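Using the entry's author numbering, the letters of the sequence shown correspond one by one to residues 1 to 104.
What follows is one structure encoded as C-alpha cells, with my remarks underneath.
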Amino acid sequence: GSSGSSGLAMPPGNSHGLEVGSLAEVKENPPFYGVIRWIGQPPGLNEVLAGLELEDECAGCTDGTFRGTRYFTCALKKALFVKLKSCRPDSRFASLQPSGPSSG
C-alpha cells in the first residue's frame with residue numbers, strides 16, 4: 001500500500017479512477033476537457049472507449065454517437081470518444097474539505 005492520505009487507488013485496474021460521471025482528460029494535440037459518459041467496447045473492436053463530452057462546441061465531433069450507436073444523450077458537436085486506458089483523471093472540479101475545522 002502506498003504511503004499517503006487519500007486511497008481508492010487501483011492502478012492495475014484502469015489507471016487511477018476513470019468512470020462515468022467523473023471528469024477526465026485526453027493526451028492529444030488539441031488540449032480540451034470533457035467528462036466521461038459511456039465506457040464500453042463496440043461490437044467489433046475490443047477497447048474500453050470512454051465517451052468524453054467536450055465543454056466547448058468544436059466542429060468535427062458528434063452528438064454522442066460512436067459507430068452509429070448512441071450510448072448517451074449530449075449536445076451537438078460536444079462528444080468525443082477516446083480510449084479509457086489513455087485517459088487521465090481530471091481534478092479541475094475536485095474539492096477536498098471545503099473548510100478546515102470539521103468539528104461543529
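The C-beta atom is built at its ideal place from N, Cα and C for all residues, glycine as well.
Outcome for residue i when other beta-carbon atoms lying within 10 angstroms are tallied against a minimum of 16
{"i": "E53", "result": "buried"}
{"i": "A50", "result": "buried"}
{"i": "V20", "result": "exposed"}
{"i": "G64", "result": "buried"}
{"i": "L76", "result": "exposed"}
{"i": "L18", "result": "buried"}
DSSP beta-bridge partners of residue i
{"i": "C61", "result": "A59"}
{"i": "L80", "result": "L52"}
{"i": "residue 105", "result": "There is no way to answer for residue 105, as the model of the chain reaches only from 1 to 104."}
{"i": "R88", "result": "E25"}
Neighbourhood of residue i by C-beta distance below 7 Å, restricted to the same chain and skipping five residues each side
{"i": "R92", "result": "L23 and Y33"}
{"i": "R67", "result": "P42"}
{"i": "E47", "result": "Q41 and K83"}
beta-carbon residue i near the ligand MG non-hydrogen atom, thresh 6 Å
{"i": "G4", "result": "This structure lacks the ligand MG; in fact it carries no ligand of any kind."}
Min CB distance residue i to chain B below 7 Å
{"i": "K78", "result": "No chain B is part of this structure, which consists of one protein chain only."}
Sequence-distant residues of its chain with Cβ nearer than 6 Å to residue i (five each side left out)
{"i": "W38", "result": "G51, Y71 and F72"}
{"i": "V35", "result": "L23 and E53"}
{"i": "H16", "result": "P89"}
Beta-carbon contacts of residue i that lie in its chain and below 8 Å, excluding the five residues immediately before and after
{"i": "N29", "result": "none"}
Problem - At least 3 beta-carbon pairs within less than 8 Å: the segment 82-91 vs the segment 55-62 - result: no
Practice task
Identify every run of the beta strand (DSSP E) within the segment 5-74, keeping only runs that are complete inside it and at least 3 residues long; order them along the chain.
Solution key: 23-26, 34-40 and 49-54
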